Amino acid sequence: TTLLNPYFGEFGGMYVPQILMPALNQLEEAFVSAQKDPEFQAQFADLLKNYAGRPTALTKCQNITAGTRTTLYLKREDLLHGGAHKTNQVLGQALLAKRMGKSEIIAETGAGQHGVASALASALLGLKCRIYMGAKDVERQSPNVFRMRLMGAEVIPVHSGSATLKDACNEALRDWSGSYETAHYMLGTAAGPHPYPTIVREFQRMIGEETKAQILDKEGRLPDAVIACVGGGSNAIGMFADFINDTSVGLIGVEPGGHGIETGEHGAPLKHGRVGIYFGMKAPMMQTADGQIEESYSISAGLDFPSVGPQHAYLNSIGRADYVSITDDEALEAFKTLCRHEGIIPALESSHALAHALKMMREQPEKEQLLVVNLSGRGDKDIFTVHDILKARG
């Protein structure tokens, strides 16, 4: 059996070949042990504070909300070392790998941010890192591939299937199925087989814990809602977790609507896909009517996970969290608005969450509401993309 529940309602589970079950049980046991170990907790806290730069600021955006009754704060994960929230959990998973005595790390990456975060944690902590990346992604993410290699990681292109993220996910699991005795699979989001959705949430929950302390200090009350983009689910569940039991706080997840839900070119499986079993879990996914797995489309490469974490599917099902979508054009407008009015360049992933908050404000400008958007990362990496688009249009 297991020490912790592998399911969130009907979602989740451990759908991996039998040969990998001992690796998952070992990981779960090490995680449960580490969470009770004050020494592990102190080492993790020391890396987060003195290496990654936590706590991250909570920035009030008065220029954006001028003329409305919305007060908007941005949780600044864009200021974390590496430029996105992913750094929090790769530091925790690298410490777990060492606790289990593993010396090698396997990771998958799509847009490259998780690959960079896994390579920097592995370089700092003395682990040999290999990263699988679909060959179409390797081609469009040359900068990130070079960063990984400067940090000593081996980057291995994956040409099978669609040669993108899901194919790299498969390859990582194929490798782990034969190398688990010496390697740990550092999964990049709050999805996959148990215990990963649970471990990644717990290693990202300081986002919401800090946000709660910071907003109480600055406003003397909890937010009316916290809003985060959802690619696979890690930054959002990290912001949501500490607020789940504060029933008055709305939890809003934003999936990419791409060119529009009605076009079918989107990445919004939670609200517009169908439940399936893939990547080790039962969860909503992008799939054909026959059951073949498809890609997620978005202007933002980082919202490319073709499924979603099971805890989000569960929180939706019971009505505790609400999920919406934002199109490419809405995300681009939010990106431009934050640069011009607050001097902050947001990641295009994060721009989806900001765009929904801007809609909440603009649609009901006289509604009094205290909102926090998780700014999951910085957007220097998206400057070329935005430039090319705006140029194509004029």
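Residue indices: 1-based, along the sequence shown.
The mean C-alpha temperature factor is higher for 37-45 when 37-45 and 50-58 are set side by side. Here the stretch with the larger average CA B-factor, out of 301-309 and 237-245, is 301-309. Taking the deposited Cα B-factors for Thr211, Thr87, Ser160, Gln204, the highest one is held by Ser160. Ranking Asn144, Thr189, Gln93, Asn316 by Cα temperature factor from the entry places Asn144 first. The entry lists a Cα temperature factor for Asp175 that places it in the highest third of the chain's modelled residues. Per the PDB record, residue ranking by Cα B-factor puts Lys166 in the highest third of the chain. The deposited CA B-factor of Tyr196 belongs to the lowest third of values across its chain. Residue-level temperature factors show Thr71 in the lowest third of its chain, judged at the C-alpha atom. Per-chain ranking of the deposited C-alpha B factor places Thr385 in the highest third.
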